[PDB]
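Source file: upload_22.cif; contents: mmCIF, C-alpha atoms.
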```cif
data_target
#
loop_
_atom_site.label_atom_id
_atom_site.label_comp_id
_atom_site.auth_asym_id
_atom_site.auth_seq_id
_atom_site.Cartn_x
_atom_site.Cartn_y
_atom_site.Cartn_z
CA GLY A 32 120.71 166.01 172.82
CA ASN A 33 117.06 166.46 171.85
CA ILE A 34 117.61 167.99 168.42
CA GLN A 35 121.36 167.40 168.04
CA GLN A 36 120.44 163.72 168.45
CA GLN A 37 117.86 164.33 165.69
CA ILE A 38 120.20 166.10 163.22
CA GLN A 39 122.65 163.27 163.92
CA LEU A 40 120.22 160.42 163.12
CA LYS A 41 119.00 161.97 159.87
CA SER A 42 122.66 162.10 158.76
CA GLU A 43 123.64 158.57 159.73
CA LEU A 44 120.46 157.35 158.08
CA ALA A 45 121.25 159.15 154.86
CA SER A 46 124.76 157.67 154.82
CA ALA A 47 123.55 154.22 155.75
CA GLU A 48 120.85 154.42 153.09
CA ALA A 49 123.35 155.57 150.42
CA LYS A 50 125.66 152.62 151.13
CA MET A 51 122.84 150.11 150.78
CA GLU A 52 121.69 151.75 147.57
CA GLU A 53 124.89 151.69 145.59
CA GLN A 54 126.12 148.41 147.08
CA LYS A 55 122.79 147.30 145.61
CA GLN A 56 124.09 148.88 142.40
CA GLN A 57 127.01 146.48 142.29
CA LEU A 58 125.37 143.34 143.61
CA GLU A 59 123.33 143.64 140.45
CA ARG A 60 126.45 144.42 138.46
CA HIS A 61 127.49 141.01 139.88
CA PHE A 62 124.45 138.82 139.15
CA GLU A 63 124.26 140.33 135.66
CA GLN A 64 127.83 139.41 134.75
CA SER A 65 127.27 136.12 136.59
CA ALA A 66 124.14 134.94 134.77
CA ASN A 67 125.28 135.30 131.19
CA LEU A 68 128.79 133.99 131.96
CA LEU A 69 126.92 130.85 132.98
CA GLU A 70 125.06 131.14 129.67
CA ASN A 71 128.53 131.03 128.09
CA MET A 72 129.51 127.77 129.75
CA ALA A 73 126.07 126.31 129.33
CA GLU A 74 126.51 126.85 125.59
CA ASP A 75 130.14 125.77 125.47
CA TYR A 76 128.93 122.64 127.25
CA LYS A 77 125.83 122.08 125.14
CA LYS A 78 127.99 121.90 122.02
CA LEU A 79 130.74 119.83 123.63
CA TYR A 80 127.90 117.43 124.42
CA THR A 81 126.64 117.50 120.85
CA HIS A 82 130.11 116.87 119.43
CA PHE A 83 130.14 113.66 121.50
CA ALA A 84 126.61 112.59 120.62
CA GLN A 85 127.43 113.10 116.91
CA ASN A 86 130.78 111.35 116.89
CA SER A 87 128.59 108.68 118.53
CA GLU A 88 127.68 107.64 115.00
CA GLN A 89 131.27 106.33 115.03
CA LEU A 90 129.91 103.04 116.38
CA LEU A 91 127.18 100.51 115.70
CA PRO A 92 123.78 101.69 117.05
CA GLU A 93 124.05 98.74 119.49
CA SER A 94 127.59 99.20 120.85
CA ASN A 95 126.75 102.78 121.96
CA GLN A 96 123.17 103.52 123.01
CA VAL A 97 124.01 105.63 126.08
CA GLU A 98 123.01 108.39 126.47
CA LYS B 31 103.75 163.06 164.32
CA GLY B 32 105.95 165.59 166.11
CA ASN B 33 109.52 165.72 167.43
CA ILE B 34 109.62 162.89 169.98
CA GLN B 35 107.59 160.63 167.65
CA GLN B 36 109.77 161.49 164.65
CA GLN B 37 112.79 160.77 166.84
CA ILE B 38 111.88 157.27 168.15
CA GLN B 39 111.29 156.28 164.52
CA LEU B 40 114.63 157.44 163.16
CA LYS B 41 115.95 155.43 166.09
CA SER B 42 114.12 152.40 164.70
CA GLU B 43 114.89 152.79 161.02
CA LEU B 44 118.57 153.44 161.75
CA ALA B 45 118.69 150.19 163.71
CA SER B 46 116.61 148.45 161.03
CA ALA B 47 119.01 149.72 158.39
CA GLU B 48 122.04 148.63 160.42
CA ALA B 49 120.54 145.17 161.02
CA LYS B 50 119.62 144.91 157.35
CA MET B 51 123.19 145.81 156.26
CA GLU B 52 124.83 143.16 158.48
CA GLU B 53 122.35 140.56 157.30
CA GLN B 54 123.27 141.50 153.72
CA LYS B 55 126.94 141.19 154.76
CA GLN B 56 126.88 137.66 156.16
CA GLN B 57 124.84 136.43 153.19
CA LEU B 58 127.46 137.74 150.81
CA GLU B 59 130.09 135.90 152.85
CA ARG B 60 127.80 132.88 152.45
CA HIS B 61 127.48 133.34 148.70
CA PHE B 62 131.17 133.64 147.83
CA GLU B 63 131.96 130.70 150.06
CA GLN B 64 129.33 128.38 148.60
CA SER B 65 130.35 129.72 145.18
CA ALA B 66 134.07 129.04 145.61
CA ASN B 67 132.99 125.51 146.49
CA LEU B 68 130.81 124.78 143.48
CA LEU B 69 133.36 126.43 141.18
CA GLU B 70 136.25 124.23 142.25
CA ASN B 71 133.91 121.29 141.79
CA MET B 72 133.57 122.60 138.22
CA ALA B 73 137.36 122.74 137.87
CA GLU B 74 138.15 119.31 139.29
CA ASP B 75 135.56 117.87 136.88
CA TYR B 76 137.12 119.65 133.94
CA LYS B 77 140.48 118.18 134.98
CA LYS B 78 138.72 114.83 134.83
CA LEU B 79 137.26 115.43 131.35
CA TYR B 80 140.51 116.99 130.14
CA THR B 81 142.94 114.27 131.16
CA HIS B 82 140.54 111.52 130.11
CA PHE B 83 141.17 113.13 126.73
CA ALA B 84 144.87 113.82 127.27
CA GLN B 85 145.61 110.09 127.32
CA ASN B 86 142.89 108.62 125.03
CA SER B 87 144.26 110.88 122.29
CA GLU B 88 147.89 109.88 122.68
CA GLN B 89 146.72 106.29 123.27
CA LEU B 90 144.42 105.72 120.28
CA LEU B 91 146.49 107.70 117.74
CA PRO B 92 150.04 106.47 118.37
CA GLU B 93 151.85 107.44 115.19
CA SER B 94 149.59 110.51 114.88
CA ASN B 95 150.64 113.92 116.16
CA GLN B 96 149.30 115.65 119.25
CA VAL B 97 147.75 119.09 119.66
CA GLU B 98 149.07 120.34 123.03
CA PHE B 99 147.35 117.47 124.98
CA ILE C 34 145.55 76.85 95.97
CA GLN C 35 144.37 80.23 94.67
CA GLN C 36 141.83 81.64 97.09
CA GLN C 37 144.72 83.98 97.85
CA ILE C 38 143.23 86.79 95.77
CA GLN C 39 140.38 86.95 98.32
CA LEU C 40 142.70 87.00 101.33
CA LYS C 41 144.91 89.74 99.90
CA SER C 42 141.85 91.94 99.19
CA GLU C 43 140.15 91.42 102.56
CA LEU C 44 143.53 92.62 103.86
CA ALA C 45 143.72 95.74 101.70
CA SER C 46 140.11 96.58 102.74
CA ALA C 47 139.88 95.92 106.47
CA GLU C 48 143.21 97.79 106.49
CA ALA C 49 141.56 100.71 104.67
CA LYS C 50 138.69 100.84 107.20
CA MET C 51 141.28 101.26 109.97
CA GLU C 52 142.86 104.01 107.89
CA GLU C 53 139.53 105.85 107.74
CA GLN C 54 138.50 105.22 111.34
CA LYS C 55 141.94 106.74 111.94
CA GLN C 56 140.89 109.82 109.97
CA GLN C 57 137.80 110.16 112.18
CA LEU C 58 139.59 109.68 115.48
CA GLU C 59 141.97 112.45 114.45
CA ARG C 60 139.06 114.78 113.65
CA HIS C 61 137.19 113.84 116.82
CA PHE C 62 140.08 114.65 119.16
CA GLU C 63 141.37 117.78 117.42
CA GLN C 64 137.97 119.49 117.68
CA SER C 65 137.32 117.90 121.03
CA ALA C 66 140.33 120.00 122.02
CA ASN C 67 139.29 123.48 120.89
CA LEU C 68 135.74 122.78 122.16
CA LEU C 69 137.27 121.82 125.51
CA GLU C 70 139.69 124.77 125.50
CA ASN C 71 136.62 127.03 125.21
CA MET C 72 135.01 125.79 128.42
CA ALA C 73 138.38 126.12 130.07
CA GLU C 74 138.44 129.84 129.25
CA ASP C 75 134.88 130.51 130.34
CA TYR C 76 135.93 129.01 133.68
CA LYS C 77 138.79 131.34 134.53
CA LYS C 78 136.58 134.21 133.31
CA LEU C 79 133.70 133.19 135.59
CA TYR C 80 136.38 132.42 138.15
CA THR C 81 138.16 135.77 138.33
CA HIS C 82 134.82 137.56 138.26
CA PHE C 83 134.12 135.79 141.57
CA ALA C 84 137.56 136.91 142.65
CA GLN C 85 136.98 140.60 141.89
CA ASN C 86 133.37 140.80 143.04
CA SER C 87 134.52 138.64 145.96
CA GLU C 88 136.84 141.42 147.15
CA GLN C 89 135.30 144.54 145.56
CA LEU C 90 132.04 143.72 147.39
CA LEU C 91 133.30 142.27 150.62
CA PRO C 92 135.47 143.15 153.65
CA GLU C 93 138.98 141.80 154.09
CA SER C 94 137.87 139.26 156.72
CA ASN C 95 136.44 136.70 154.27
CA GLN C 96 139.73 135.73 152.63
CA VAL C 97 138.12 132.66 151.11
CA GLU C 98 141.11 130.43 150.32
CA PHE C 99 139.91 129.71 146.77
CA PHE C 100 140.51 133.26 145.56
CA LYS C 101 144.21 134.30 145.35
CA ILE D 34 151.19 76.88 99.88
CA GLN D 35 152.62 78.19 103.19
CA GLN D 36 151.63 81.83 102.61
CA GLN D 37 148.02 80.85 102.43
CA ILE D 38 149.00 80.57 106.11
CA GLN D 39 150.85 83.86 106.49
CA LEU D 40 147.93 85.73 104.95
CA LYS D 41 145.20 83.88 106.87
CA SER D 42 146.86 84.90 110.14
CA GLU D 43 147.50 88.47 108.96
CA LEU D 44 143.74 88.78 108.42
CA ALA D 45 142.86 87.43 111.87
CA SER D 46 145.36 89.99 113.23
CA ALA D 47 143.91 92.93 111.35
CA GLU D 48 140.35 91.75 112.04
CA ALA D 49 140.89 91.44 115.81
CA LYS D 50 142.69 94.76 116.10
CA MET D 51 140.09 96.65 114.07
CA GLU D 52 137.87 95.06 116.72
CA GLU D 53 139.80 95.81 119.92
CA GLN D 54 140.11 99.35 118.55
CA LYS D 55 136.29 99.48 118.44
CA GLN D 56 135.63 98.59 122.06
CA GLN D 57 138.41 100.90 123.24
CA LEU D 58 136.76 103.66 121.23
CA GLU D 59 133.60 102.36 122.86
CA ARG D 60 135.04 102.64 126.37
CA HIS D 61 136.35 106.10 125.45
CA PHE D 62 132.73 107.19 124.96
CA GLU D 63 131.12 105.53 127.98
CA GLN D 64 133.62 107.46 130.11
CA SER D 65 133.26 110.76 128.32
CA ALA D 66 129.45 110.74 128.31
CA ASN D 67 129.56 110.24 132.09
CA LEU D 68 132.31 112.83 132.71
CA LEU D 69 130.42 115.77 131.23
CA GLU D 70 127.32 114.56 133.08
CA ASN D 71 129.52 115.28 136.05
CA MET D 72 130.11 118.79 134.73
CA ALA D 73 126.42 119.12 133.88
CA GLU D 74 125.81 118.13 137.50
CA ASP D 75 128.17 120.89 138.67
CA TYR D 76 126.64 123.53 136.40
CA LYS D 77 123.09 122.96 137.61
CA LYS D 78 124.31 123.38 141.19
CA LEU D 79 126.24 126.62 140.55
CA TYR D 80 123.27 128.06 138.64
CA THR D 81 120.57 127.35 141.22
CA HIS D 82 122.95 128.79 143.86
CA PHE D 83 122.90 131.99 141.79
CA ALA D 84 119.13 131.95 141.26
CA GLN D 85 118.52 131.35 144.99
CA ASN D 86 121.13 134.04 145.84
CA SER D 87 120.14 136.67 143.28
CA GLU D 88 116.47 136.36 144.28
CA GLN D 89 117.24 136.42 148.02
CA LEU D 90 119.72 139.33 147.79
CA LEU D 91 118.01 141.77 145.42
CA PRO D 92 114.54 143.03 144.35
CA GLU D 93 114.47 143.08 140.48
CA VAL D 97 117.35 138.70 138.07
CA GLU D 98 117.23 138.57 134.26
CA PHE D 99 118.28 134.96 133.50
CA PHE D 100 117.05 133.34 136.71
CA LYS D 101 113.46 132.16 137.33
#
```
Go ahead and render the structure in this file as structure tokens.
Amino acid sequence: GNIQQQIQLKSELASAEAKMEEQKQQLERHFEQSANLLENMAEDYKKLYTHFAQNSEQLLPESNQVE
Amino acid sequence: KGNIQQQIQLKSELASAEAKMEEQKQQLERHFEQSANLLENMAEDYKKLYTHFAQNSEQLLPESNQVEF
Amino acid sequence: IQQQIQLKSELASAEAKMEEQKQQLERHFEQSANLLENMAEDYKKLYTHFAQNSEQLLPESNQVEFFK
Amino acid sequence: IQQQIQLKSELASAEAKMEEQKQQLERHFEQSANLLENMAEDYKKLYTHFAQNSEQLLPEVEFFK
């Protein structure tokens, strides 16, 4: 076809483009849930670390210098 | 512009969209595979930090009671 | 011989220290637990997320072993 | 008399155990402080794999930089 080929393309390019677009919608629903779930663990860690550095006063300042 | 020009371009941006979509597909497959790796890493290091506590609590507090450990 | 008062007090005292360092080791582990158990629960949250988005965003052909 | 000898050894027994308890509690910290610096190692990896896979997969993201 010369114009059936054309009305075909425009319709597989609108369907292609719509898949990309809203699969883009959920890739960013992914990296948004991802990033702050890390910020959960990074804060659950950063206070598990502090609990250890503070119960580090449970020794002489010589017998535990690390970290 | 015209009808043969506007055709050979659709032909290019449909191929460029199909190539883009397959690229995007095998770099999701890359992301969830290199994520499943680093996450199990995270788990097997927890199971280090957890059982280093599971024993040092029942081993430095003998008479004392235990919370789940 | 009556430097026995001193011995019997050094023994009530050093023994008290160990009774208080036993208070602190009970504290340290009981809130090392709930602080640990937090991390644990962030993990299987951040884990299952990468199990849903690993199959709600991806064909059936990448059955990455790690996810159920 | 002879219990100036039972006490003197009871002290040495308390004093050495108060002591071995201190360097077991010491070894319990050396091994913790290096086991969450394994988990800190893991975290940094997982995060930069999200930064370098949210930037390379999308246009504009929030946390990463």
With 10 Å as the cut-off and only C-alpha atoms counted, what is the closest atom pair between each nearby residue of chain A and chain C? Distances in Å to one decimal, ordered by chain and number, as a Markdown table.
```
| residue | atom | partner | partner_atom | distance |
| --- | --- | --- | --- | --- |
| A:54 | CA | C:90 | CA | 7.6 |
| A:57 | CA | C:90 | CA | 7.7 |
| A:58 | CA | C:90 | CA | 7.7 |
| A:60 | CA | C:86 | CA | 9.1 |
| A:61 | CA | C:86 | CA | 6.7 |
| A:62 | CA | C:86 | CA | 9.9 |
| A:64 | CA | C:82 | CA | 8.0 |
| A:65 | CA | C:79 | CA | 7.1 |
| A:66 | CA | C:79 | CA | 9.8 |
| A:67 | CA | C:79 | CA | 9.7 |
| A:68 | CA | C:79 | CA | 6.2 |
| A:69 | CA | C:79 | CA | 7.6 |
| A:70 | CA | C:75 | CA | 9.9 |
| A:71 | CA | C:75 | CA | 6.8 |
| A:72 | CA | C:72 | CA | 6.0 |
| A:73 | CA | C:72 | CA | 9.0 |
| A:74 | CA | C:72 | CA | 9.0 |
| A:75 | CA | C:72 | CA | 5.7 |
| A:76 | CA | C:72 | CA | 6.9 |
| A:78 | CA | C:68 | CA | 7.8 |
| A:79 | CA | C:68 | CA | 6.0 |
| A:80 | CA | C:68 | CA | 9.8 |
| A:82 | CA | C:65 | CA | 7.5 |
| A:83 | CA | C:65 | CA | 8.4 |
| A:85 | CA | C:61 | CA | 9.8 |
| A:86 | CA | C:61 | CA | 6.9 |
| A:89 | CA | C:57 | CA | 8.1 |
```
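Atom pair CA of residue 93 (chain D) / CA of residue 56 (chain B) has a distance of 20.7 Å (rounded to one decimal).
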Give as a count of residues only the residues that the PyMOL selection byres ((chain B) within 10 of (chain C)) matches when applied to the coordinates above. 32
Selection in question (the file shown): the PyMOL selection byres ((chain D) within 8 of (chain C)). Which residues does it include, as a ChimeraX atom specification? /D:34,37,40-41,43-44,47-48,51
Distance CA of residue 95 (chain A)-CA of residue 65 (chain D), one decimal place? 12.1 Å
Since I can't run it myself right now, could you work out what the PyMOL selection byres ((chain D and resi 100) around 10) selects here and report it as a ChimeraX atom specification? /A:62,66 /D:80-81,83-85,87-88,97-99,101
Counting only C-alpha atoms, which residue out of A:88, A:43, A:63, A:98 sits closest to residue 66 (chain D)? A:98
Using all atoms listed in the file, find each residue of chain D with at least one atom at most 10 Å away from an atom of chain B; report its shortest atom-to-atom pair and that distance in Å (one decimal), sort the rows by chain and rising residue number, and return the result as a tab-separated table.
```
residue	atom	partner	partner_atom	distance
D:54	CA	B:90	CA	7.9
D:57	CA	B:90	CA	8.3
D:58	CA	B:90	CA	8.0
D:60	CA	B:86	CA	10.0
D:61	CA	B:86	CA	7.0
D:64	CA	B:82	CA	8.0
D:65	CA	B:79	CA	6.9
D:66	CA	B:79	CA	9.6
D:67	CA	B:79	CA	9.3
D:68	CA	B:79	CA	5.8
D:69	CA	B:79	CA	6.8
D:70	CA	B:75	CA	9.7
D:71	CA	B:75	CA	6.6
D:72	CA	B:75	CA	5.9
D:73	CA	B:72	CA	9.1
D:74	CA	B:72	CA	9.0
D:75	CA	B:72	CA	5.7
D:76	CA	B:72	CA	7.2
D:77	CA	B:68	CA	9.9
D:78	CA	B:68	CA	7.0
D:79	CA	B:68	CA	5.7
D:80	CA	B:68	CA	9.5
D:82	CA	B:65	CA	7.6
D:83	CA	B:61	CA	8.4
D:85	CA	B:61	CA	9.9
D:86	CA	B:61	CA	7.0
D:87	CA	B:61	CA	9.7
D:89	CA	B:57	CA	9.2
D:90	CA	B:54	CA	7.2
D:91	CA	B:54	CA	9.8
```
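Residues of chain B lying within 10 Å of chain A, counting all atoms listed in the file, are residues 33, 34, 36, 37, 38, 39, 40, 41, 43, 44, 45, 47, 48, 50, 51, 54 and 58 of chain B.
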Output the selection as a compact mmCIF listing (two decimals), in the coordinates of the input - C-alpha atoms for each residue.
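Contents of the output file result-v5.txt:
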```txt
# COMPACT_ATOMS: atom_id res chain seq x y z
CA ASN B 33 109.52 165.72 167.43
CA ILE B 34 109.62 162.89 169.98
CA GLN B 36 109.77 161.49 164.65
CA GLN B 37 112.79 160.77 166.84
CA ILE B 38 111.88 157.27 168.15
CA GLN B 39 111.29 156.28 164.52
CA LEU B 40 114.63 157.44 163.16
CA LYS B 41 115.95 155.43 166.09
CA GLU B 43 114.89 152.79 161.02
CA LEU B 44 118.57 153.44 161.75
CA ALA B 45 118.69 150.19 163.71
CA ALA B 47 119.01 149.72 158.39
CA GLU B 48 122.04 148.63 160.42
CA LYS B 50 119.62 144.91 157.35
CA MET B 51 123.19 145.81 156.26
CA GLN B 54 123.27 141.50 153.72
CA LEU B 58 127.46 137.74 150.81
```
Once you've located chain B in the structure I gave, write it as a PDB file, in the first residue's frame, keeping C-alpha atoms.
```pdb
ATOM      1  CA  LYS B  31       7.404  17.439   3.158  1.00  0.00           C
ATOM      2  CA  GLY B  32       4.791  15.448   1.237  1.00  0.00           C
ATOM      3  CA  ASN B  33       3.523  11.854   1.181  1.00  0.00           C
ATOM      4  CA  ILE B  34       6.632   9.837   0.278  1.00  0.00           C
ATOM      5  CA  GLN B  35       8.783  11.996   2.591  1.00  0.00           C
ATOM      6  CA  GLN B  36       6.270  11.749   5.438  1.00  0.00           C
ATOM      7  CA  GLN B  37       6.219   7.997   4.844  1.00  0.00           C
ATOM      8  CA  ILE B  38       9.981   7.213   4.958  1.00  0.00           C
ATOM      9  CA  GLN B  39      10.062   9.087   8.276  1.00  0.00           C
ATOM     10  CA  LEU B  40       7.259   7.191   9.970  1.00  0.00           C
ATOM     11  CA  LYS B  41       9.247   4.193   8.767  1.00  0.00           C
ATOM     12  CA  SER B  42      12.240   5.547  10.678  1.00  0.00           C
ATOM     13  CA  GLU B  43      10.541   6.665  13.866  1.00  0.00           C
ATOM     14  CA  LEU B  44       8.617   3.390  14.123  1.00  0.00           C
ATOM     15  CA  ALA B  45      11.916   1.512  13.900  1.00  0.00           C
ATOM     16  CA  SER B  46      13.545   4.016  16.268  1.00  0.00           C
ATOM     17  CA  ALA B  47      10.687   3.519  18.705  1.00  0.00           C
ATOM     18  CA  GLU B  48      10.892  -0.262  18.408  1.00  0.00           C
ATOM     19  CA  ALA B  49      14.675  -0.216  18.926  1.00  0.00           C
ATOM     20  CA  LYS B  50      14.262   2.155  21.854  1.00  0.00           C
ATOM     21  CA  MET B  51      11.662  -0.126  23.505  1.00  0.00           C
ATOM     22  CA  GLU B  52      13.860  -3.248  23.276  1.00  0.00           C
ATOM     23  CA  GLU B  53      16.821  -1.323  24.626  1.00  0.00           C
ATOM     24  CA  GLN B  54      14.618  -0.226  27.541  1.00  0.00           C
ATOM     25  CA  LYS B  55      13.607  -3.896  27.946  1.00  0.00           C
ATOM     26  CA  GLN B  56      17.058  -5.445  28.262  1.00  0.00           C
ATOM     27  CA  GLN B  57      18.155  -2.710  30.666  1.00  0.00           C
ATOM     28  CA  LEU B  58      15.240  -3.485  32.937  1.00  0.00           C
ATOM     29  CA  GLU B  59      16.272  -7.147  32.822  1.00  0.00           C
ATOM     30  CA  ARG B  60      19.737  -5.853  33.751  1.00  0.00           C
ATOM     31  CA  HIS B  61      18.425  -3.758  36.628  1.00  0.00           C
ATOM     32  CA  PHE B  62      16.344  -6.415  38.385  1.00  0.00           C
ATOM     33  CA  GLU B  63      19.155  -8.896  38.015  1.00  0.00           C
ATOM     34  CA  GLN B  64      21.866  -6.636  39.433  1.00  0.00           C
ATOM     35  CA  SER B  65      19.320  -5.582  42.064  1.00  0.00           C
ATOM     36  CA  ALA B  66      18.432  -9.122  43.155  1.00  0.00           C
ATOM     37  CA  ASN B  67      22.181  -9.567  43.602  1.00  0.00           C
ATOM     38  CA  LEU B  68      22.894  -6.559  45.777  1.00  0.00           C
ATOM     39  CA  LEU B  69      19.736  -7.227  47.812  1.00  0.00           C
ATOM     40  CA  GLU B  70      20.696 -10.772  48.759  1.00  0.00           C
ATOM     41  CA  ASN B  71      24.094  -9.382  49.687  1.00  0.00           C
ATOM     42  CA  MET B  72      22.107  -7.112  52.031  1.00  0.00           C
ATOM     43  CA  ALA B  73      20.278 -10.130  53.455  1.00  0.00           C
ATOM     44  CA  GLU B  74      23.284 -12.384  53.980  1.00  0.00           C
ATOM     45  CA  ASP B  75      24.947  -9.488  55.827  1.00  0.00           C
ATOM     46  CA  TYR B  76      21.931  -8.993  58.034  1.00  0.00           C
ATOM     47  CA  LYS B  77      22.043 -12.717  58.845  1.00  0.00           C
ATOM     48  CA  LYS B  78      25.632 -12.071  59.869  1.00  0.00           C
ATOM     49  CA  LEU B  79      24.771  -9.096  62.095  1.00  0.00           C
ATOM     50  CA  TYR B  80      21.701 -10.879  63.466  1.00  0.00           C
ATOM     51  CA  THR B  81      23.288 -14.145  64.531  1.00  0.00           C
ATOM     52  CA  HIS B  82      26.380 -12.384  65.860  1.00  0.00           C
ATOM     53  CA  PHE B  83      23.776 -10.944  68.218  1.00  0.00           C
ATOM     54  CA  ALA B  84      21.756 -14.137  68.620  1.00  0.00           C
ATOM     55  CA  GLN B  85      24.661 -15.811  70.418  1.00  0.00           C
ATOM     56  CA  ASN B  86      26.438 -12.874  72.139  1.00  0.00           C
ATOM     57  CA  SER B  87      23.151 -12.171  73.912  1.00  0.00           C
ATOM     58  CA  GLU B  88      22.561 -15.705  75.151  1.00  0.00           C
ATOM     59  CA  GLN B  89      26.313 -15.959  75.829  1.00  0.00           C
ATOM     60  CA  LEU B  90      26.947 -12.809  77.892  1.00  0.00           C
ATOM     61  CA  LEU B  91      23.646 -12.874  79.835  1.00  0.00           C
ATOM     62  CA  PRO B  92      23.371 -16.508  80.940  1.00  0.00           C
ATOM     63  CA  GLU B  93      20.865 -16.329  83.778  1.00  0.00           C
ATOM     64  CA  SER B  94      19.109 -13.436  82.005  1.00  0.00           C
ATOM     65  CA  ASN B  95      16.081 -13.977  79.781  1.00  0.00           C
ATOM     66  CA  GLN B  96      16.042 -13.763  75.998  1.00  0.00           C
ATOM     67  CA  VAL B  97      13.855 -11.688  73.688  1.00  0.00           C
ATOM     68  CA  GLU B  98      13.171 -13.993  70.709  1.00  0.00           C
ATOM     69  CA  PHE B  99      16.914 -14.207  69.758  1.00  0.00           C
TER      70      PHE B  99
END
```
